[PDB]
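J.: Opening piece of the complex, as it sits:
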Amino acid sequence: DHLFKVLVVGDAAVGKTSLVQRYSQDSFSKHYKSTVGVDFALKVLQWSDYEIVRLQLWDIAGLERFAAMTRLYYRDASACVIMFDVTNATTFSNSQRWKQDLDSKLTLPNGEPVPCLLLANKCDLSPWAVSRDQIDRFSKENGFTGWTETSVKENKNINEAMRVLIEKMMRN
């Protein structure tokens, strides 16, 4: 058995808590609220026989983006993910800012960057929904471990994307 910590970062009001409730508390859609501070969730996965893994999801509040993103949150962290809503390129620029910040202020025992995945939040919404051609530019430029479309309300691809990301994380 093992335990790991994953930090979810992104822009504000992108349903940052929606995905973490869907994956752990089995709560999807629901009312849209503002996350004042950092909140926690626990996940248990039976990845293999006699090998059960625990995950601590920390959904970092993106309201204080201008404020110094303290390394204490990323301290001892084993994984991270950037999730941005697909109705704004500002969420995309914010993800670039988060990527730069994590690349500047995150370390691993091997020294290699920890896996990162580009989550296209809420694709089940018009009009900028399946613009994967534009997303591919940053997908290959940023050197992210993965990129995958998702919809928090419908939970269309949360499970497969999370499984791929966690398999990549234990692959290191």
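T.: Done, it's in. Numbers count the residues shown, from 1 in each chain, chains lettered A, B, ... in the order given.
J.: now stretch A:91-98, how far from the centre of its chain.
T.: 12 Å (C-alpha atoms, centre = their mean, to the nearest Å).
J.: can you pull out the helices in chain A?
T.: Shown for chain A, the helices assigned by DSSP state H span residues A:16-20, A:71-74, A:89-104, A:132-141, A:158-171.
J.: For the first one, which helices and strands make contact with it?
T.: It refers to helix A:16-20. With contacts taken as 3 or more C-beta pairs under 8 Å, 6 or more residues apart in numbering; DSSP states H and E, helix A:16-20 sits against strand A:2-9, strand A:39-48, strand A:51-59. C-beta coordinates here come from the backbone N, C-alpha and C atoms, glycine included.
J.: hmm, who's touching the first one?
T.: It stands for strand A:2-9. A:16, A:19-20, A:51, A:53-60, A:62, A:73-74, A:76-83, A:98, A:102, A:169 (C-beta atoms under 8 Å, 6 or more residues apart in numbering).
J.: buried residues in it?
T.: A:4-9 (16 or more other C-beta atoms under 10 Å).
J.: from these, which single one is nearest residue A:125?
T.: The shortest approach to residue A:125 among the buried residues of strand A:2-9 belongs to residue A:8, at 19.8 Å (C-beta to C-beta).
J.: can you tell me how far that closest one sits from residue A:141?
T.: Distance from residue A:8 to residue A:141, counting by C-beta to C-beta, to the nearest Å: 22 Å.
J.: ok, the residue nearest to residue A:112 when sequence neighbours are not counted - contacts?
T.: Nearest residue to residue A:112, sequence neighbours excluded (C-beta to C-beta, 6 or more residues apart in numbering): residue A:172, at 7.4 Å. Residues in contact with residue A:172 (C-beta under 8 Å, 6+ apart) are A:110, A:112, A:115.
J.: Can you go through those and name the buried ones?
T.: Buried by 16+ other C-beta under 10 Å: residue A:115, out of those.
J.: and which of the contacts of residue A:172 is nearest residue A:66?
T.: When the contacts of residue A:172 are ranked by distance to residue A:66 (C-beta to C-beta), residue A:115 comes first, at 27.0 Å.
J.: Report the contact partners of that closest one.
T.: Residues in contact with residue A:115, defined by C-beta under 8 Å, 6+ apart, are A:79-80, A:145-146, A:165, A:168-169, A:172.
J.: same thing with residue A:80?
T.: Counting by C-beta under 8 Å, 6+ apart, residue A:80 has contacts A:6-9, A:74, A:102, A:106, A:114-116.
J.: with the structure above as the base, add chain B:
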Amino acid sequence: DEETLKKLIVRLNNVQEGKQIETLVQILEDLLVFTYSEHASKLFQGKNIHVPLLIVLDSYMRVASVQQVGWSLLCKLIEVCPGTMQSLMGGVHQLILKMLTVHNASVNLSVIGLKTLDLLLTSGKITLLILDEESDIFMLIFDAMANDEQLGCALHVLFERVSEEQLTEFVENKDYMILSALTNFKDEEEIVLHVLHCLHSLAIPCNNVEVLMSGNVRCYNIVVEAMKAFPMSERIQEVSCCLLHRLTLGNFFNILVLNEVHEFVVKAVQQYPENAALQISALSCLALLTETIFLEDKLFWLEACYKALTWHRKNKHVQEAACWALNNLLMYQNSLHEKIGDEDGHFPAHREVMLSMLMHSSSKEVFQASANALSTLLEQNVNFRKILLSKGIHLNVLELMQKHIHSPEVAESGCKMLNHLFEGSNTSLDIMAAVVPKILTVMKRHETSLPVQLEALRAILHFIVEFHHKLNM
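T.: Just below you will find chain B, in place on the chains above:
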């Protein structure tokens, strides 16, 4: 096969009888031009095949035969032998310029020499030798010019380095010469391309614009060429557009011609939107000329700018010019404020502009132009307020001015954008702590610049004014 070629090249070394050597050279040239094999390109590349021939041609200048066929032979050899240019350097330029100088007054002897010069100048690193000779290559080509096969249009590369005084001399004399060329060869697309880009190359000095605008000849000829010669040619339109971009100055009040060129620019950006070929030059040119002209078309400009941002995200310059054009258009025309937005039928240019800013943080120019653009947009339409705020603009630009501090223009544009963004809105204590210290530090770092101080003071004024305990901190 190769035995006969060996016999011919061996006989070429005798240099016994001019007529016999001329006939042998003609036979060798006739045999060499074939697609049978690369026997003529036998990798020897011996100068003994052609160096004695050019020596005989230069020394015995009256021998027209060696002048007529030796140039054709060397042209065929270069077109056949791949490393012939490599054999040229690492001289022949002196030989060809003496050939053009002393006795190339005949049309047939001149055309082959100019063609050989044109193909030789495509190699590179030999133009410096050509420009440092004693035969006055510029005077030679000027004396060369009513033949349809205007090989002197290869004068192009010679304008790459000419110095200012000689450039003015070329402006005068070569313009007098080239107006005849463009008038008599209006129905020659390649000739028009070469003439137009030679005009581009000579238009580099700033003082010569008055000479070029002596009787509005440059504007009229380029407009006529764009209108008639090339309805659907990309290269012609791109070159004429670059002339338009480089010919904008304090004398922009060419009102009727203004309108004309404006229309042509629109045509250009509407008929080839796939590369920097037209987009950057036309958008910058268009932005200045639209400011002057405005004192329909605006919708077309909005659409062209939107595709310009969409299709050339990787180039800093294209996005900078396009967003600058959008800013300059929106400044003089506010009626289209509702014509832009996220709604259907309106170009979502706000997210594209934001994207431009974020994807080129390393450059101050793109930030300046796009910031001014979206600031003017926010000032025009109040609905966009609190939408970009919800989209992540405030803290993002604060981090950007933290990254870019050495310039005052970037700080001034950022402060102005904050002023026009935060007007008519109320923020929280957290926003106050995230905004006020950064802008105070920016204002401290640029204390001398008056506009930065003005914009910062205006922003602080619009932004300053359980809960009491937090507010005290």
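J.: back to the contacts of residue A:115, now that we've got chain B?
T.: With contact set as C-beta atoms under 8 Å, 6 or more residues apart in numbering or on different chains, residue A:115 has these partners: A:79-80, A:145-146, A:165, A:168-169, A:172.
J.: Check what contacts whichever strand or helix holds residue B:109 and list those residues.
T.: Secondary structure assignment for residue B:109, by DSSP states H and E: helix B:107-120. With C-beta under 8 Å, 6+ apart as the test, helix B:107-120 has contacts from B:64, B:67-68, B:71-72, B:74-75, B:78-79, B:85, B:88, B:92-93, B:96, B:99-100, B:103-104, B:126, B:130, B:141, B:144, B:147, B:149, B:151-152, B:154.
J.: which ones among those residues are found in helices?
T.: Per DSSP H, those map to helices at B:64, B:67-68, B:71-72, B:74-75, B:78-79, B:85, B:88, B:92-93, B:96, B:99-100, B:130, B:141, B:144.
J.: What separation do you get for the closest residue to chain B within chain A and residue B:411?
T.: Closest contact between chain A and chain B, by C-beta to the nearest C-beta, is at residue A:66 (2.8 Å). Computed as C-beta to C-beta, the residue A:66 to residue B:411 distance reads 16 Å.
J.: residues near residue 133, how many?
T.: You didn't say which chain, so I picked chain A. 7 (other C-beta atoms under 10 Å in any protein chain shown).
J.: Oops, wrong one, chain B.
T.: 16.
J.: Give the helix, strand or coil label for it.
T.: coil (DSSP: H, G, I helix; E, B strand; the rest coil).
J.: Restricting to C-alpha, output stretch B:298-314 in PDB.
T.: Taking Å, rounded to 0.1, in the frame of the first residue of the first chain, the C-alpha atoms of stretch B:298-314 are listed here in PDB:
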ATOM      1  CA  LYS B 298     -14.900  48.300 -40.400                       C
ATOM      2  CA  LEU B 299     -16.700  45.000 -40.300                       C
ATOM      3  CA  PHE B 300     -14.400  43.600 -42.900                       C
ATOM      4  CA  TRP B 301     -11.400  44.900 -41.000                       C
ATOM      5  CA  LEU B 302     -12.700  43.200 -37.800                       C
ATOM      6  CA  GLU B 303     -13.100  39.900 -39.700                       C
ATOM      7  CA  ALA B 304      -9.600  40.200 -41.300                       C
ATOM      8  CA  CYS B 305      -8.100  41.000 -37.900                       C
ATOM      9  CA  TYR B 306      -9.900  38.000 -36.300                       C
ATOM     10  CA  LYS B 307      -8.500  35.600 -38.900                       C
ATOM     11  CA  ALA B 308      -5.100  37.200 -38.600                       C
ATOM     12  CA  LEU B 309      -5.000  36.400 -34.900                       C
ATOM     13  CA  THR B 310      -6.500  32.900 -35.500                       C
ATOM     14  CA  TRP B 311      -4.200  31.700 -38.300                       C
ATOM     15  CA  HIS B 312      -0.900  33.100 -37.200                       C
ATOM     16  CA  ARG B 313      -0.700  32.600 -33.400                       C
ATOM     17  CA  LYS B 314       2.900  31.500 -33.600                       C
END
